[PDB]
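In the form solved without ligand DCP, a lone chain appears below as structure tokens.
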């Protein structure tokens, strides 16, 4: 049965009630400077559909949109807020976001549209967006009649589902997480995405030029060493050259054939000169295709900025993700790749990039949650945690710790967080299970509180069916009861890791909210540009750097109070590369 609604030709007062479900539809995946194809409003007076050209030109409607006292319930309000920012219109008063509500209730559900969130509460009187708009090449906005009914049905679903969702969040003790953390954060991410990051395209194009030269040279050397030309970028073709023509040993296989991953190649290097060259080719090729060409493809030519989109409702841990471009994985480990950061510059003359990052926030969080006396004391002394871990597991003094000892202790720490097992650490340390197991055993002997936490959290996940973070985010782990060792083991590692990675995500999100309020109170022009899991990147006038050096670290360090101090390091410079 069709849903009744008014297809309005003009805005009326009853459409501007102080409480309503609102839909501002942006069909394009990337909503930056994208079209708004329709608007739907559902409130106590009825259901309405408005053409965007009409609504967005109406002074009363625009005022209503920007009035914080007029409350709106939506799905993915960031999408609408950003689409509206590009049109110079402010969206305020969003008191409920169904996408974020659904995400907090169960990140694993993968809610990507109103229909999916609605199905969680047995509401199915709304179609999935994909069914209405089609996919990819066939994607298209349907005729007004079909479009209007769909938007009205989505607004109707939001109108009906708000209460049930808030009720469950309340029962889960997640009501404040939604209202005081995720929703306010959504507005901050919208501002960051809209601001964008300026790119020195001339710089990137030059790096690409010289990179192309080097690739050409290495490519030729590889053909020479192989005795023939082939597609180096083809694992299948490369596998034939290495394991058949050159007879290199096969130490690892993939589900489909020979493995040619960097890990395997490093072990084969001593057998043939072609290996080192392939690894070098892989490094430069990655930079060229992904960080030079790929980046240049998404830079807006009129502003020379990239406008990422942060997915706030995707990860099972509470972390954000970044797309088009992904600004959370720009090279930094190797110097050649790190230079790519010289292309990310301040958006204004005489401005600088400021970057602040938490020092070992995940391990500090673990010290707090597990209440491990040894680990807490370590951070209270602000010790080098890897050297300290080495001292304890190997039973040696500080000056007796060798570089390799610290390297292995660091690997244990890198893993301990991710609940890593004997077979997981072994690969990273290129050792055996029995040995790796003894390392973990030694770690627990030194950090008994951590061992107790790992045992207790797994039992809790089994008992409750989920684990939680410091700010009450949750993750259900149904596989925790599986009778399949591998499946159960993974769930166990997730039970151990989620409260750690998840609580660290909670902390930085809270820091972002606190920071934005502080920047406004101080009327600084400085603003957030990016978040990379445990670090915040801002840009500001050079005349604000000294103030930011004291302000940003303090706000980040004071976001939450743990049993151990939080420590933040910071740097600033002319480019993101220099902010080191």
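Residue numbers count along the first chain shown, from 1.
Would 344-352 or 130-138 have the larger average of its C-alpha temperature factors, as given in the entry?
The deposited B-factors put 130-138 ahead on the C-alpha mean.
As stated in the PDB record, which stretch has the larger average Cα B-factor, 112-120 or 480-488?
Taking the mean B-factor of the alpha carbons in each, 480-488 is higher.
Based on what the PDB entry reports, which of 467, 425, 156, 375 has the top C-alpha B-factor?
Within the set 467, 425, 156, 375, 425 shows the top C-alpha B-factor.
Among 57, 551, 41, 526, where is the Cα B factor highest in this entry?
When the deposited C-alpha B-factors of 57, 551, 41, 526 are compared, 57 is largest.
Based on the deposited C-alpha B factors for this chain, I'd like to know if residue 51 is in the lowest, middle or highest third.
For residue 51, whose C-alpha B-factor we compare with every modelled residue in the chain, the answer is the highest third.
Could you tell me which third, lowest, middle or highest, the C-alpha B-factor of residue 265 occupies within its chain?
For residue 265, the deposited C-alpha B-factor lands in the highest third.
Tell me, lowest, middle or highest third: where does the Cα B factor of residue 447 rank within its chain?
Its C-alpha B-factor belongs to the middle third of this chain's values.
With respect to C-alpha B-factor, does residue 94 fall in the lowest, middle or highest third of the chain as deposited?
It falls in the bottom third of the chain.
Compare the C-alpha B factor of residue 567 with those of the other modelled residues in its chain, then answer lowest, middle or highest third.
Lowest third of the chain for residue 567's C-alpha B-factor.
Keep in mind that the form deposited with ligand DCP bound is missing from the display, and what follows is about it.
Within 4.5 Å, heavy atoms only: does residue 392 come near ligand DCP in the entry with it bound?
No, residue 392 stays farther than 4.5 Å from ligand DCP in the entry with it bound.
Taking the shortest heavy atom distance, is residue 306 within 4.5 Å of ligand DCP in the entry with it bound?
Residue 306: no contact with ligand DCP in the entry with it bound.
Looking at the partner-bound form in the entry with it bound, is residue 173 within 4.5 Å of ligand DCP by any heavy atom?
So residue 173 counts as contacting ligand DCP.
When the contact criterion is heavy atoms within 4.5 Å, does residue 470 count as touching ligand DCP in the entry with it bound?
Residue 470 belongs to the contact set for ligand DCP.
Here the chain is shown alone; which of 287, 177, 207, 450 has a heavy atom within 4.5 Å of ligand DCP in the entry with it bound?
When ligand DCP is considered in the entry with it bound, the option within 4.5 Å is 177.
Heavy atoms within 4.5 Å of ligand DCP in the entry with it bound: which stretch among 183-191, 470-478, 151-159, 341-349?
Correct option: 470-478.
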